[PDB]
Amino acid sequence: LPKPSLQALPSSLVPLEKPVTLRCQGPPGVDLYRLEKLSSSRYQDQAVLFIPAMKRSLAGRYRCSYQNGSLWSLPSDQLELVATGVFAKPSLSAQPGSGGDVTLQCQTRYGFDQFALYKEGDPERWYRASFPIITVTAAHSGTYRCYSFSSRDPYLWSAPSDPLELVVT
């Protein structure tokens, strides 16, 4: 019995106090939907959860599934719901690297041991590291930002850096 999809809308990265809606979606006509948060192991018998204002406590892993007749579906892929703006934004810079390689620096005060960098676009390009230094191989011009967080709580992220408007030759 095929798994549903679980989406966060408009996004699974959610600034504190901003809204998000989790939506489980299987076949039509089904009897019941079950949405769960994993860490706290609390759950609901409905397909949709509206979060009017994002909180530290709602960030975490979620999944869902549905039941038709008396039979359970395979569970959705896991949804990583992240709260952003829990810390001051970091500051992003870029330098050359070897060949077509660009080296970015995501600089921050607090001891953070995780960093996430992305290029705006369709689709988005994502990069990660534990050191605040991120190589982009064969980098494309674009609008870059980074986030810093702790592996002690990998679902609470900083505000995004101010965008870096990169042009590569």
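Heads up: residue numbers just count along the shown sequence, starting at 1.
K.L.:
Could you settle it for me: does 7 to 15 or 149 to 157 have the higher average Cα B factor in the PDB entry?
P.N.:
The stretch with the larger average C-alpha B-factor is 149 to 157.
K.L.:
Once you work out the mean C-alpha B-factor for both 31 to 39 and 105 to 113 from the entry, which is higher?
P.N.:
Higher of the two, by average CA B-factor, is 105 to 113.
K.L.:
Considering only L92, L74, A83, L79, which residue's Cα atom bears the greatest B-factor as recorded?
P.N.:
Among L92, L74, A83, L79, the highest C-alpha B-factor in the entry belongs to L74.
K.L.:
Going by the deposited entry, which of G142, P52, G60, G26 has the highest CA temperature factor?
P.N.:
Answer, based on the entry's C-alpha B-factors: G26.
K.L.:
Determine, from the deposited record, the chain-internal third of the Cα B-factor for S65: lowest, middle or highest.
P.N.:
Its C-alpha B-factor belongs to the middle third of this chain's values.
K.L.:
C-alpha B factor of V48, ranked within the chain: lowest, middle or highest third?
P.N.:
According to the entry, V48 has a C-alpha B-factor in the chain's lowest third.
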